[PDB]
């Protein structure tokens, strides 16, 4: 159907899962096929009305709900996951949530994709932004399994058409397939479905997860934590990840997130997942936990459970708490090395100061992600060890400026020696387009002289611009931080 203001569904469908952003579309179309997408597109382009696509609605920025967007194509009716006998690959429609993808692939076929934690995320935005997750160190990015994609595009004359692009070098649309391996949503056209398989039995055509995992939750009380203690914990963790994130590391089967929380929360915490298949799994876990707490002087509460693998993906310790109400602002960076002492000092001061819920999360990364050449996909960061996510959440819709400023100042200060942004090719490797932050393109917050596009895409940017020029010459698909041809 089509949803317009006044329809009972309008208040829900005008929003994604980020409540800071309220869309004003004149029409939201729950499209049912490529053919219906082509008709909504060609009609919007003729009218001069700006469009956007919503799949899972997890965009951290206002790309879909931007007040200029007059027409939304919502992919909820296209949520199938299955094996496509004709193409010999798994077909994930854009509106499928990760929880549905993982349940279907694993229960029916015993396989999985190494995408996000977070069952409510849609495939649409997630895959073509370079999705990664708990199994990425073991199995790479989800885009490392992208075999082909179906996408509705608009030509110079304004007519919409459906094309298939694939990983085969001789594919005439090969360049468009490459741009879907991390190029980001909302840039090239409307993805209808992705086809994924390893680069003819379905059970053999995607990776098999561990049957069981050890999951641990470790908590340090903040009350008895001084700066030196905090700094040793952070340095322990960063040194361990600097040593143990290569593509041939035995530690490819470990994932963890260390949460550096505001002191007012009462505790810092870390969640770890380790493949439990080996009979020494428990010893290996403890050696990782011991490394993180060595010399800290605070004993953590520690609890470890063995869980079947599909059950573990729904545990809020990995999946997050599912609460998408209230208001949040995210920033993020790639880390090639962990923070230096001065940055640790900044973190400690900003986390303990009574100047607000807020966390800096360090998410294990690298491993098999890093076996891929930096230019093979549009995910150009293939030597990092951690993704660092800065977050502040609040409730009062009248108090956005103060929370945005807190997180802006923290991030600027951490990256102050590189113009306030994580400039690639140093201790940092730029930014991740599925954690978009419009401040990276803001002269007031980015003083590095490096454009937002090089921070997200590094050297992939020129190729993406060429794909943009070829496949979206009219620039129908745009938003803050969208791939844009040279002026």
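Residue numbers count along the first chain shown, from 1.
Peer 1: For the step residue 355 to residue 356, what size class fits the number of deposited residues with no coordinates, none, 1 to 3, 4 to 9, or 10 or more?
Peer 2: Missing residues, residue 355 to residue 356: 1 to 3.
Peer 1: If you count the residues of the deposited sequence that sit between residue 199 and residue 200 but have no coordinates, do you get none, 1 to 3, 4 to 9, or 10 or more?
Peer 2: The entry has 4 to 9 unmodelled residues between residue 199 and residue 200.
Peer 1: Look over 110-118 and 265-273 in the entry and identify the one with the greater average Cα temperature factor.
Peer 2: The stretch with the larger mean CA B-factor is 265-273.
Peer 1: Return whichever of 376-384 and 234-242 has the greater mean Cα B factor according to the PDB record.
Peer 2: Higher mean C-alpha B-factor: 234-242.
Peer 1: Comparing recorded Cα B-factors across 95, 203, 130, 99, which one is largest?
Peer 2: Highest C-alpha B-factor among the listed residues goes to 203.
Peer 1: Report the option among 180, 301, 126, 174 whose CA atom has the maximum B-factor in the deposited record.
Peer 2: The record points to 301.
Peer 1: Mind checking which third residue 390 falls in for C-alpha B-factor across the chain?
Peer 2: Lowest third.
Peer 1: Considering every modelled residue of the chain and its Cα B-factor in the PDB entry, is residue 209 in the lowest, middle or highest third?
Peer 2: Residue 209: CA B-factor falls in the middle third of its chain.
Peer 1: In terms of the CA temperature factor given in the entry, to which third of its chain does residue 161 belong: lowest, middle or highest?
Peer 2: Ranked within chain, residue 161 CA B lands in the highest tercile.
Peer 1: Where does the C-alpha B-factor of residue 247 rank in its chain, lowest, middle or highest third?
Peer 2: Its C-alpha B-factor, which the entry lists for residue 247, ranks in the highest third among residues of this chain.
Peer 1: Relative to the other modelled residues in the chain, which third contains the C-alpha temperature factor of residue 431: lowest, middle or highest?
Peer 2: Within its chain, residue 431 is a lowest-third residue by C-alpha B-factor, going by the deposited values.
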